[PDB]
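Architecture at a glance
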Amino acid sequence: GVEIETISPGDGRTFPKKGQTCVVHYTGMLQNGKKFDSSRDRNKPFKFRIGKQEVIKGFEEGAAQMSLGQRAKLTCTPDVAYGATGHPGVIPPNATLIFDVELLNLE
């Protein structure tokens, strides 16, 4: 269950497709918790492509549902990212994930 709440401005038309490498200033957040990840800190804005299952499943669907300039707000279920396992030391098991995602991409 990918739930999008978009900070509006952008174009609303340039959508990510297969074989396209897209650039995201992502920012993680734990529900009722603190931060765990921020692309803003390293200032290297995470160039990644679509269709190789590089990212988790919750981030993968929500990345396609944006456009250039937009700014969404993910709400990922536990079963699509880590909720059975939990990323060791970083994500506890059965966790619900929140992301500030801005799509400023190419291609």
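Just above sits the structure.
1. What about the sheet that holds strand β5 (residues 97–102)?
Strand order in the open sheet formed by three strands is β2-β5-β4, with antiparallel pairing between adjacent strands. Looking at which strands have only one partner, the edges of the open sheet turn out to be β2 (27–30) and β4 (71–76). For this sheet, the mean inter-axis angle between neighbouring strands, taken without regard to orientation, is 20°. Here β2 runs beside β5; their pairing, made up of four bridges, is antiparallel. Within the sheet, the bridge partner assigned to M29 lies in β5 and is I98. Helix-sheet contacts for helix α2 (residues 57–64) involve β4 and β5, and the interaxial angle to β4 is about 150°.

2. Regarding the layout of surface pockets
Here the largest pocket is characterised by a volume of approximately 350 Å³. Taken together, 14 residues make up the lining of the largest pocket; nearest its centre are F36, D37, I56, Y82 and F99. In terms of residue class, the lining of the largest pocket is made up of 11 nonpolar, one polar and two charged.

3. Things to note about the packing of aromatic side chains
Here a ring pair, both rings aromatic, is described through the centre-centre distance and the interplanar angle of the planes. Counted according to the given criterion, the structure contains four aromatic pairs. Note on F36 and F99: the rings are 5.7 Å apart at their centroids and 80° apart in plane angle, and the pair reads as edge-to-face. A residue pair is termed long-range when its members are at least 10 positions apart, and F36 in the loop between β2 and α1 (39–42) and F99 in strand β5 qualify at 63 residues. Every member of this aromatic cluster is reached through a ring pair, and the members are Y26, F46, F48 and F59.

4. Overview of empty space enclosed by the protein
Across all of its chains, the model carries one cavity of 30 Å³ or more by this definition. Put simply, the largest cavity is a space of about 30 Å³. Along its surface, the largest cavity is lined by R49, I50, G51, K52, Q53, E54, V55 and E60. Each residue belonging to the lining of the largest cavity can be placed in one class, and the counts come to two nonpolar, two polar and four charged.

5. Description of the nonpolar core
Within the largest apolar cluster, 19 residues are counted, with the highest numbers of intra-cluster contacts made by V24, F48, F59, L74, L97, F99 and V101. Looking at this core, the elements that each hand over two or more residues are β4 and β5. Ignoring any residue separated from it by four or fewer positions in sequence, one finds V24 in contact with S39, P45, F46, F48, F59, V101, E102 and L103.

Cut-offs and rules
Residues numbered from 1 in each chain as written, not as in the entry; some residues may be left out. Part of a larger assembly, values for the part shown. Heavy atoms only, no water. Pairing = 2+ DSSP bridges. Helix = DSSP H or I, 4+ residues; strand = E, 2+ residues; numbered from the N terminus. Axes fitted to C-alpha atoms, helices over the stretch in contact; angles between N-to-C directions. Contact = heavy atoms within 4.5 Å. 1 Å grid on protein atoms, 1.4 Å probe; cavity = no way out; pocket = protein on both sides within 12 Å on 5 of 7 lines; lining within 4 Å. Points joined across faces, edges and corners; volume = space filled by probe spheres on them. Nonpolar A, V, L, I, M, F, W, Y, C, P; charged D, E, K, R; others polar. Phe/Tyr/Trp six-rings, centres within 6.5 Å; stacked < 30°, edge-to-face > 60°. Core = buried A, V, L, I, M, F, W, Y, C linked by side-chain atoms within 4.5 Å. Buried < 20%, exposed > 50% of the residue type's maximum accessible area, 1.4 Å probe, protein only.

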